[PDB]
Amino acid sequence: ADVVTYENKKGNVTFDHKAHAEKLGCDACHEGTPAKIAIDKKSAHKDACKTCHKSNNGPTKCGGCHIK
Ligand code: HEC
Ligand code: HEC
Ligand code: HEC
C-alpha cells in the first residue's frame, strides 16, 4: 500500500509507505533489499516506530500514532 492502517485496542495507527518514503527514501525503515518487516509490539515499539519521530512533528507524546 502507499498508505496502510493497523487498528489496535490502544488506538488505530496509520502507516504511510509512500508518504513516509517521500521524506525517508526506503533505506531508513528498511535496509538492503526491502521486504515485509516483522511488525509486532516488539519491533514497532523499538526503533521501528518509537525512534524516528522525536526529531519530527506529529507523534511523540505517546498518544501519537494510536488514535482513539
Ligand atoms: C505511547 C508510548 C504508546 C503506548 C502506550 C502504546 N503505543 Fe504502540 N504500536 C505501534 C505499532 C505499529 C504497534 C504494533 C501493532 C501490533 O501489536 O501488532 C503498536 C502496538 C501497541 C500495543 C499492542 C496492541 C494494543 O492495541 O494493545 C500497545 C499495548 C501499544 N502499542 C501501546 C506504533 C506506535 C507508535 C508510532 C510511532 C507510537 C508513538 C506508539 N505506538 C506509542 C504507544
Ligand atoms: C517506514 C515508515 C517504511 C518506509 C519509509 C518504507 N517502508 Fe516498505 N515496509 C514497511 C513495513 C513496516 C512493511 C511491512 C508491512 C507489514 O505490516 O507487513 C513494509 C513492506 C515492504 C515491502 C513488502 C510489502 C509491499 O508493500 O510490497 C516492500 C517490497 C517494501 N516495503 C518496499 C519499500 C520501498 C521500495 C520503499 C521506499 C519507496 C519503502 N518500502 C519505504 C515500512 C516502510
Ligand atoms: C524515520 C526513519 C521514520 C520511521 C522508521 C517511521 N516514521 Fe513515522 N514519521 C516520520 C516522519 C518524518 C514523520 C513526519 C512527517 C512529516 O510530514 O514531517 C512521521 C509521521 C508519522 C505519523 C503521522 C502521520 C499523520 O497523521 O500526519 C504516523 C501515524 C507515523 N509516522 C507512524 C509510524 C509507524 C507506525 C512507524 C513504524 C512502522 C513509523 N511511523 C516509522 C518518520 C519515520
# chains A, B, ... in the order shown; residues from 1 in each chain; ligands from 1

call {"tool": "select_by_dssp", "arguments": {"residues": "chain A", "states": "strand (DSSP E or B)", "output": "JSON, numbers by chain"}}
result
{"A": [3, 4, 5, 6, 12, 13, 14, 15, 16, 67]}

call {"tool": "select_by_dssp", "arguments": {"residues": "chain A", "states": "alpha helix (DSSP H)", "output": "PyMOL selection string"}}
result
chain A and resi 18-24

call {"tool": "write_last_selection", "arguments": {"atoms": "N, CA, C and O atoms", "output": "JSON list (two decimals), in the first residue's frame"}}
result
[["chain", "number", "residue", "atom", "x", "y", "z"],
["A", 18, "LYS", "N", 4.39, 5.18, 0.97],
["A", 18, "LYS", "CA", 4.82, 6.18, 0.01],
["A", 18, "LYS", "C", 5.02, 7.50, 0.75],
["A", 18, "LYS", "O", 6.11, 8.06, 0.71],
["A", 19, "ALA", "N", 3.98, 7.98, 1.44],
["A", 19, "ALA", "CA", 4.01, 9.28, 2.10],
["A", 19, "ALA", "C", 5.18, 9.41, 3.08],
["A", 19, "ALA", "O", 5.80, 10.46, 3.16],
["A", 20, "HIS", "N", 5.53, 8.33, 3.80],
["A", 20, "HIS", "CA", 6.77, 8.35, 4.57],
["A", 20, "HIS", "C", 7.96, 8.39, 3.59],
["A", 20, "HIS", "O", 8.82, 9.27, 3.69],
["A", 21, "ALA", "N", 8.03, 7.43, 2.65],
["A", 21, "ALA", "CA", 9.12, 7.33, 1.68],
["A", 21, "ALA", "C", 9.50, 8.66, 1.04],
["A", 21, "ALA", "O", 10.69, 8.88, 0.84],
["A", 22, "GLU", "N", 8.55, 9.53, 0.72],
["A", 22, "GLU", "CA", 8.86, 10.83, 0.11],
["A", 22, "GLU", "C", 9.88, 11.63, 0.92],
["A", 22, "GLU", "O", 10.70, 12.34, 0.34],
["A", 23, "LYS", "N", 9.86, 11.51, 2.25],
["A", 23, "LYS", "CA", 10.88, 12.08, 3.11],
["A", 23, "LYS", "C", 12.00, 11.06, 3.35],
["A", 23, "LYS", "O", 13.18, 11.40, 3.24],
["A", 24, "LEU", "N", 11.66, 9.82, 3.69],
["A", 24, "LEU", "CA", 12.61, 8.82, 4.13],
["A", 24, "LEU", "C", 13.54, 8.28, 3.05],
["A", 24, "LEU", "O", 14.75, 8.20, 3.26]]

call {"tool": "residues_near_ligand", "arguments": {"ligand": "ligand 3", "cutoff": "10 Å", "atoms": "only C-alpha atoms and all ligand atoms", "output": "VMD selection string"}}
result
chain A and resid 4 to 6 12 to 17 19 to 30 37 to 40 43 to 60 64 to 67
